[PDB]
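Quick setup: one chain, the form deposited in one PDB entry, written in structure tokens, and binding and motion questions come after.
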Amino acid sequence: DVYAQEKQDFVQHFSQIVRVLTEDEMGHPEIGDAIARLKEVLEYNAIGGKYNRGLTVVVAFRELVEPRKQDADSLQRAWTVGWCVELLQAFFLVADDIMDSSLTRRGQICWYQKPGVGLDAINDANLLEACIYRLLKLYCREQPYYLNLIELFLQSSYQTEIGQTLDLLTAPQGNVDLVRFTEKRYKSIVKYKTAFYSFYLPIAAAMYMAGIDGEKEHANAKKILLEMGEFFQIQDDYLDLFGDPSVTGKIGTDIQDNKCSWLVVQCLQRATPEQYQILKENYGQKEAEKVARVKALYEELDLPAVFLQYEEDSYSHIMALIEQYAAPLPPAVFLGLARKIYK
């Protein structure tokens, strides 16, 4: 497994990331205390996940750049850009946990729920984002791809925020939101909120790093990667309710938070009028008994088996897309990514 193969060196590179983001302002001691807060923010929030998005940059880089051009400096730039993707994700999560009223993330209390943090986490989150562009400068400013990367990261953020906007608009708190929860709206949400940044962004970054900047090559990669992302989000929704928090590292809130989850969309497609009424009376509310009623409804409708069938069909569909659209890139680039998310 090529992700495990590159993991340790990537993770160990974190000290260097923290060191260069702390040391770059030893020349300005009056900001010492801000810098220490940044360090604490990085350490709590950018560590502890599975690093698949950052690692994807690195594995993809190795597979796309000719080995004779993989000098020490270029690898360092690749582990740095990988970390920039993880930092983007850290910004997103910290803010999302606040907006979702989440309890835990990566096996510990959400950063904003820490005593003494609260809504200060808003600024903490944005600092994680600013770190991306300082690292791109410190490590990549003299590279021909520098601007492409800056623009990639900015556009990825914009798309992602557009997708968060739809996530929030589709799920107003304290309303009955069932008529809003359609398959078409679902696919739009997850394309924008998850697929661009989680799948297109890391591979695209590696592409530009390798000097593959053609529009057609990016469009083809995107066809594969945006569909993987849609599956990834469906799985995220499944696990919100049915996954083991011991393994997910986080407690699910989709039902309480009234979300257009893949589960509620599949529920609506199947429910009788009587089942619809049950979902209407119990969805999007904080009472444990009501959440439990929704979960029972889902189980009565065999939504776990439906997801398992969907996963098999999605995997086949993605693999067909790889056959179609991978060339001229190594298919291994897409296949390693698929092996990581299906299972």
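We call the rigid core the largest set of C-alpha positions that still match within 1.5 Å between the two forms. Note that residue numbering begins at 1 and tracks the sequence as displayed.
Beyond the structure shown, there is the form solved in complex with a small molecule, which is absent from this document and is the topic of what follows.
Looking at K50, you'd find a heavy atom of it within 4.5 angstroms of the small molecule in the bound PDB entry. The small molecule is not shown here, but in the bound PDB entry it comes within 4.5 Å of a heavy atom of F232. When contacts are judged by a 4.5 Å heavy atom cut-off, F181 does not count as touching the small molecule in the bound PDB entry. Remark: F199 counts among the residues lining the small molecule in the bound PDB entry, judged by a heavy atom distance of 4.5 Å or less.
Stretch 51-59 is the contacting one of 27-35, 271-279, 293-301, 51-59, since its residues have non-hydrogen atoms within 4.5 Å of the small molecule in the bound PDB entry.
Large C-alpha shift between this form and the one not shown, rigid core held fixed: of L127, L152, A271, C140, this applies to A271 alone, with a displacement of 2 Å or more. In the core-superposed comparison between this form and the one not shown, the C-alpha atom of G211 has shifted by less than 2 angstroms. Put the two forms on the same core and the Cα of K259 is off by 2 Å or more between this form and the one not shown. If you fit the rigid core between this form and the one not shown, you'll see the Cα of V41 move by less than 2 angstroms.
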